[PDB]
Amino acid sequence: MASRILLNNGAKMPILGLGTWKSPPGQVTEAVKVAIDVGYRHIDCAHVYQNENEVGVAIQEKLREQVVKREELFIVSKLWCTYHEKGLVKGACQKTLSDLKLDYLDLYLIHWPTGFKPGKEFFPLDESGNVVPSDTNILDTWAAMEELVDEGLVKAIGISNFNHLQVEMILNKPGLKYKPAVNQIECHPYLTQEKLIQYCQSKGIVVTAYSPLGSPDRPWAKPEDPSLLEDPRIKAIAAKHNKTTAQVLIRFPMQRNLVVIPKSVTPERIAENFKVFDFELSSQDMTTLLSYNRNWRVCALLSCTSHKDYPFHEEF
């Protein structure tokens, strides 16, 4: 297994990256520096995570130390929902570039298909708790994303949390210039996504699996919720291979030809999570892990379910 997957712009994307959602600003600089030292080359960022400046400090130090060159890193960020209007997309990208202290991004994603009212709040709500939409549609935001490629700010563009009809809408866009390179979606043994992943891969779109460990630090976790890291069936597969449960959960998507982006701020775990290139799950193990699907989705907010472009009413 090769460590990088070819995208439809001819660039190679590392199949393992470091996630940064919920990584506190006081701890994420060290986390990214340790990750680069132990071999990570792909970092997944977003403006809404409120820590891009601190991620940028780490990247800049390791470029200055000559640990890595810029061309070896693969830096991803995402356009938040309050910037879907075509005249706001460039300025949102440039704020992220300014915080990360970079002159281009390797990949820039539409974070969610839903546009929200522009303003200071990331989740503008009405008096009854519903998100306030904007009158934007995904095709005009896509055309604004394409302009960032032509201006040299980003090397590739893609999408996140799009269902297959929303992907189809972009693929059928009048005058489509650049196809989405990536769809970043939730994927783990309790939400295996078979139909959407085969949809995407058949279309030449690479899939990145987010929350591969089930996001145990998500703020809305409840004590009664399932835990992938503690599932005794997954523990038994790990023990057979003399690996940890997290290492099996990271290797699983890699063998489906997915990119995977586990988050940690703990140095030991950052190093553990990288040590996944020296074993293989058997075909039988893969089919068994797929059988654990329960259509259990952890990233989906009730306040967004009446939005016209909410992605998760459709089957896939």
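We number the residues from 1 along the sequence you see.
- Stretches 122-130 and 154-162 differ in mean CA B factor, with 122-130 having the higher one.
- The question of which stretch, 11-19 or 295-303, has the higher mean Cα B factor is settled in favour of 295-303.
- Within the group 99, 140, 186, 217, the record's highest C-alpha temperature factor is found at 140.
- When the Cα B-factors of 148, 206, 221, 191 are read from the PDB record, 221 comes out highest.
- Ranked by C-alpha B-factor against the other modelled residues of its chain, residue 66 falls in the highest third.
- For residue 78, the recorded CA temperature factor ranks within the lowest third of the chain's modelled residues.
- When the modelled residues of the chain are ordered by C-alpha B-factor, residue 44 sits in the lowest third.
- In this PDB entry, residue 26 carries a Cα temperature factor that places it within the highest third of its chain's modelled residues.
- Looking at the C-alpha B-factors along this chain, the one for residue 106 belongs to the lowest third.
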